[PDB]
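Line order of the protein sequences matches chains W, S, F, U, Z, H, P and Y.
For the first sequence, the deposited numbering begins at 127 and goes up steadily by one.
For the second sequence, the deposited numbering begins at 505 and goes up steadily by one.
For the third sequence, the deposited numbering begins at 631 and goes up steadily by one.
For the fourth sequence, the deposited numbering begins at 568 and goes up steadily by one.
For the fifth sequence, the deposited numbering begins at 2 and goes up steadily by one.
For the sixth sequence, the deposited numbering begins at 2 and goes up steadily by one.
For the seventh sequence, the deposited numbering begins at 2 and goes up steadily by one.
For the eighth sequence, the deposited numbering begins at 2 and goes up steadily by one.
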Amino acid sequence: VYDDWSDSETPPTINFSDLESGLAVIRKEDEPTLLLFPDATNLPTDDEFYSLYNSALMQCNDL
Amino acid sequence: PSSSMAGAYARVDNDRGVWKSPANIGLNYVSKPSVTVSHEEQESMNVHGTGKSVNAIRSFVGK
Amino acid sequence: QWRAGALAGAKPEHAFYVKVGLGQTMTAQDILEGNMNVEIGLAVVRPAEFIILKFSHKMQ
Amino acid sequence: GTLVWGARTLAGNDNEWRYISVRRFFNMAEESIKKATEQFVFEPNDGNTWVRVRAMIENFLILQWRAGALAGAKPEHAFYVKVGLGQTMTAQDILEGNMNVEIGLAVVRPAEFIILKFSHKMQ
Amino acid sequence: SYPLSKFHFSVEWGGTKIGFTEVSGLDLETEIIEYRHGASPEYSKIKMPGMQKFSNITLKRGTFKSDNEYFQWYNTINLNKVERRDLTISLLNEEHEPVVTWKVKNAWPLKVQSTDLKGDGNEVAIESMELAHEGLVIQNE
Amino acid sequence: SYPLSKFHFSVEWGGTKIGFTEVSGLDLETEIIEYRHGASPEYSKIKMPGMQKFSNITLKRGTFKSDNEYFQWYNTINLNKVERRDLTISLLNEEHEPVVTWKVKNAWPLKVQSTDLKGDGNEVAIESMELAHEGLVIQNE
Amino acid sequence: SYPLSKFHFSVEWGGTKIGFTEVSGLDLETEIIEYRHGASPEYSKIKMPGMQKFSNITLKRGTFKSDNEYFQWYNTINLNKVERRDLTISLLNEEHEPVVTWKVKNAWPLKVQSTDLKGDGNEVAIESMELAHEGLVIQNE
Amino acid sequence: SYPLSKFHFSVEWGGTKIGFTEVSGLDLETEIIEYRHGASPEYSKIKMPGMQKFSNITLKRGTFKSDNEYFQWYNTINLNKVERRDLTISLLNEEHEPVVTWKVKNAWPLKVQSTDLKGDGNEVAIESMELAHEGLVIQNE
């Protein structure tokens, strides 16, 4: 759930480990055909962003 | 699930015969399995080094 | 049981056999002790578990 | 207004999979067929089953053809389905409980470029 | 060197049983379009193929205790909706394997007919069904 | 493993007796609606269910002294009014209990037919009735 | 739960008999007045009721020996004078009582039509009359 | 993949019942304005839209005991005044829910037509009404 602000110039952050957890969960559902991540561009680094998408493509190959 | 299966065994014997497998049977009065079992997760249930196999109760879309 | 489709085989001769007799299933000692030995064999059908589909692009 | 321009995948030089609509069509057809084949999972592995499975798959594909999804003047040019001992299966597969079905499809691909040429009309 | 007989067969229709007493109506038909222009030396017409038709299929079976399937399928009709099924009809060899197969697309039931009753009716009660469909393919390899 | 026979049955129609010689017409029927648009690759039509119909039911019995029931029911017709009844037809087992039941809603008689007479007519005088109704349900459990 | 039939009815017109073969023309009609001013956002007209009309009534009956009533009523016309009558038309129930009544004011006859004659005319000679009137009220309670 | 049928529908008109035998006249129409100036290379005219029209709507139903509604609505006309109503016509699915709806503004009745009577008229007495209105919108989502 949404965290709070530290100051007017200091916003909440997005935790990479939380998105990986959600991906691990959706892997057990049969109905979905498309995978989307609405808060991926706000990850602290580009490296985390790319890592998340490589995992999503690997899931598609396996299923 | 054991009493539900005894019921299911009786249905198969009457409609198809005792020589047919008691599987690919829908259960009555069941909302859902308590635990979701994925495709990959069942590999060790059907085939295992000890031979002590476990059958699975699973949810199928539209069935 | 064969007629109803429980046993394998084109004709009953391929589905089962039954044997009994002195020199086949019994000896002199069994007759003396009151034993009777009958041997039975059955051809039983087993299910398939796996279906594999393969896809390709149709071409000449 | 604002339009989506282009429809290629991340494998754009792939002769079979570069277009999004080809990849998505195949995923759709494959999912629908396996749902239909699940009803035969615990059936005997013999000629009676092989015929029932084949007929079911062909009926699905005929409807896709009728709706314009597949290429070809007649269904015979749009797809094929094969199954049988000596064709797709061997003795070893029968013994292990396997069943092998082969399917092929004719799929239509889009044009991307239009070139116009102009000149001065003369006798 | 010998032809096939007509009494050993099976029908797969989505029901519990595959045994039937009688099967009929496995026909294919095409219309003709005729033409003649006035200057032709022949005083008859030239012919070409038109649109295509299919016949309805009739199935007959004996009535058994606790089997109400003809009725249950018929009773799936709801205004314009109905359960449609793939119908497979097969002529069998001595190993009970298919030889000739008739493949039928999108079938559903137009009518279900029950048995008559007679005081001196010393015979089997036979029920029957008539099916509509959208196409037939014949396989004989 | 054996089918049912067709000679042991009973009919409940509101009359004093339940024995009949012959019962027929227990049918169900649906109409077809056909369609084809001009651009279709197939040159045949697609089919769907239409409106529904029922057949009239015929009952036959022998004439007996002092039983005038066919006439008395028929004679309840008065301009557009008639006594309507629930008709229950049942096929029986060896204990004389129901096995297969046909349930008929809102029946009344269209016609009553009497016997012919012959000088050399060495046979039983048989009367018959034809019934209209509004629906049929088949039960076989 | 059922609608009324159309064959049991009677007509009271001042004559000796009330039985007729055919009755028609029991209609009501209103004129429309249309309007549009030039500044309206809609490009169609607004409508309101105008003046009212009634249709003539036609009565048909078989010719009988010594009954000359159609003629006798018609023959009461004298320059602008005529015998005017109250016409009551009624649809009947099984007790032969009124259900639906049409009440007609100030009727008189515009025309009386006789039968044609034919050498092979194997049918009933039917005469008819057409009536003018000044108003119709419909009662159904 | 299948088209809609035309027999399951309902009409909301402010009356007690919503069942009808027949509904017709749900049309839309536009006028054309034509033009050609003398110097044009083409020897035909250019066309553009003009003013708009609507057709009258006809409703048919069977006559029932104690239901006088067609008459009662018609009888609300008083010189230029009439009760105007919103008319909603709907084509239904298998759950008896709307699929296609025709919405009609400001309707009132131009005419009410009664049944004919016949001695051998073995049929249902059917009454009908014709309605004027000011506009039609078609909804199909």
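Ideal Cβ positions, reconstructed from N, Cα and C, are used throughout, including at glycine.
Asked	Found
Check whether the segment 517 to 529 of chain S touches the segment 602 to 611 of chain U, taking contact to mean three or more Cβ pairs, one atom from each stretch, closer than 8 Å.	yes
Can you give the Cα-Cα distance for Z:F8 and S:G553, rounded to whole angstroms?	50 Å
Comparing the C-beta of Y:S91 with each C-beta of chain P, is any distance below 7 Å?	no
How do the segment 86 to 94 of chain Y and the segment 128 to 140 of chain H stand: do at least 3 beta-carbon pairs fall below 8 Å, yes or no?	no
Quick one: measure Cβ to Cβ for U:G635 and U:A673, integer angstroms, because I've assumed they're closer than 8 Å.	No, U:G635 and U:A673 are not in contact; Cβ-Cβ is about 12 Å, not under 8 Å.
For the alpha helix (DSSP H) containing S:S548, list its first residue and its last residue.	547 to 550
Would you decide whether Y:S115 is buried or exposed? Buried here means 16 or more other CB atoms lie within 10 Å of its CB.	buried
What does the Cβ neighbour count give for Z:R37, buried or exposed, with the cut at 16 atoms within 10 Å?	exposed
Identify the residues that DSSP records as bridge partners of U:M666: which are they?	F:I681
Please state if the CB of Z:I127 and the CB of Z:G63 are separated by a distance shorter than 7 Å.	yes
Identify the continuous alpha helix (DSSP H) that holds P:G51 and give its terminal residues.	First-last for P:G51: 47 to 55, but that is the beta strand (DSSP E), not the alpha helix (DSSP H).
Might you give, ordered along the chain, the residues of its own chain that have their beta carbon closer than 8 Å to the beta carbon of H:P42, omitting 5 neighbours on each side?	none
Closest by CA to F:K688, which one among U:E583, U:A578, U:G568?	U:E583
Indicate the three-state DSSP secondary structure (helix, strand or coil) for U:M689 in the structure shown.	coil
Would you call the segment 675 to 688 of chain U and the segment 650 to 657 of chain U in contact, with 3 or more CB pairs under 8 Å?	no
Y:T59 bridges to which residues according to DSSP?	Y:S25, Y:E131
Using the rule of at least 16 other Cβ atoms within 10 Å of the residue's Cβ for burial, across every protein chain shown, is W:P137 buried or exposed?	exposed
Output the boundary residues of the alpha helix (DSSP H) element that contains Z:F8.	Run containing Z:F8: none; DSSP gives neither H nor E here.
Look at the Cβ atom of H:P50, then the Cβ atom of Z:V83, and state whether they are nearer than 7 Å.	yes
Just checking: is the beta-carbon of Y:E13 within a distance shorter than 7 Å of some beta-carbon in chain Z?	no
Counting only beta-carbon separations shorter than 7 Å, does S:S525 have a partner in chain F?	yes
Residues in the same chain with beta-carbon distance under 6 Å from P:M52, minus the five sequence neighbours each way, listed in chain order, please.	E32
Return no unless some Cβ of chain Y is closer than 7 Å to the Cβ of P:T17.	no
If you compare alpha carbons, which of S:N559, S:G511, S:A510, S:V565 is closest to S:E545?	S:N559
At the level of alpha carbons, what is the spacing between Y:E135 and Y:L5?	28 Å
To the nearest angstrom, report how far apart Y:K54 and Y:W103 are at their CA atoms.	16 Å
With distances taken Cα to Cα, identify the nearest neighbour of H:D28 among Z:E23, Z:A40, Z:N81, Z:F72.	Z:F72
Relative to chain S, which residues along the segment 601 to 618 of chain U have a C-beta separation below 8 Å, given in chain order?	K602, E605, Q606, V608, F609
Looking at C-alpha atoms only, which residue of P:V125, P:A133, P:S91, P:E131 is the closest neighbour of P:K66?	P:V125
Check the DSSP bridge columns for H:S91 and list the partner residues they point to.	H:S11, H:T102
Indicate whether at least one CB of chain U lies closer than 7 Å to the CB of S:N559.	no
Helix, strand or coil for Y:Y36? Go by DSSP, reduced to three states.	strand
Using 7 Å as the limit for Cβ to Cβ distance, is H:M49 near chain Z?	yes
Report yes if the CB atom of Z:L132 is closer than 7 Å to the CB atom of Z:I78, and no otherwise.	no
Quick one: what does DSSP say H:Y71 is sitting in, helix, strand or coil?	helix
Would F:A636 pass as an interface residue toward chain S - the criterion being a Cβ-Cβ separation below 7 Å?	yes
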